[PDB]
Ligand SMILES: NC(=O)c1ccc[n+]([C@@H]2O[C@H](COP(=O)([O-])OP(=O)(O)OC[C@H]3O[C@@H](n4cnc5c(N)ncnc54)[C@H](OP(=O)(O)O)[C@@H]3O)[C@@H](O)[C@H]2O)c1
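Have a look below at one chain only, the form solved without the ligand, in structure tokens format.
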């Protein structure tokens, strides 16, 4: 009785469901470990096939959780990880990718991202990313927290037009990218991965969200994700953690936001009317 999840195409032609799973802060409580693992399994079985992680998340701890979650079902998952910019030199990126593969317990990531803009020339990192693609260790590369000038700089370097995604902060409370960055990415066929789709929980106290949630017998969290579902070229990345959470996130896709719902959300969560600096968490 659930409706299918819309899918978002990457430049290379692969498709993933528009609702994925994040792992920030997994791996830190040994009491939570079995729950975290199982929420990610649950998520995959519910069709939330993208799993997002990073080397920084507990220094490989989140990667190891993901690695356990996908045992015997590597093919059910689209696995994303990241390189910290302090590691994003030519040799360092390769070394980072290799530790990531070991932690994840797999031969190849689906998508590997530069975590934010750092001090190594973009062209070195892209070269390392392309050497890794050619080696069968990653399927695709992208970036994260890149503003519109960082994207321009990126295009300018060799192979820089191969960027597969930009992961940036986007939710009802943080809509600044609508003004410039989100349209550029869409016009370019580059998906945006919306991290912190519930603003880390800060959103969930908003009265308008709560009101609309009552109108649909839903949670505020679910109404916040149903919003992002109506945004084309966007893949939302809610953190799972608990199997109940995962099912909640999944069912958010069943919500039909009315025409009146969307105008109401815009009134209470106003789209940007001018360029704003990219917000980062």
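Positions refer to the first chain, counted from 1.
Omitted from view is the form solved in complex with the ligand, to which the following refers.
Site check by superimposition: the ligand, modelled from its position in the bound PDB entry, clears the backbone and C-beta atoms of this form, with no atom inside 2.4 Å, and the site reads as open.
Taken together, 167, 198 and 201 are fully in contact with the ligand in the bound PDB entry: each brings a heavy atom within 4.5 Å.
At the 4.5 Å threshold, heavy atoms of residue 144 reach the ligand in the bound PDB entry. At least one heavy atom of residue 238 is located within 4.5 Å of the ligand in the bound PDB entry. By the criterion of a heavy atom within 4.5 Å, residue 63 is excluded from the residues contacting the ligand in the bound PDB entry. Mapping the unseen interface onto this chain, residue 24 counts among the residues with a heavy atom inside 4.5 Å of the ligand in the bound PDB entry.
None of 66 to 74, 41 to 49, 209 to 217, 244 to 252 except one has non-hydrogen atoms within 4.5 angstroms of the ligand in the bound PDB entry; the exception is 244 to 252.
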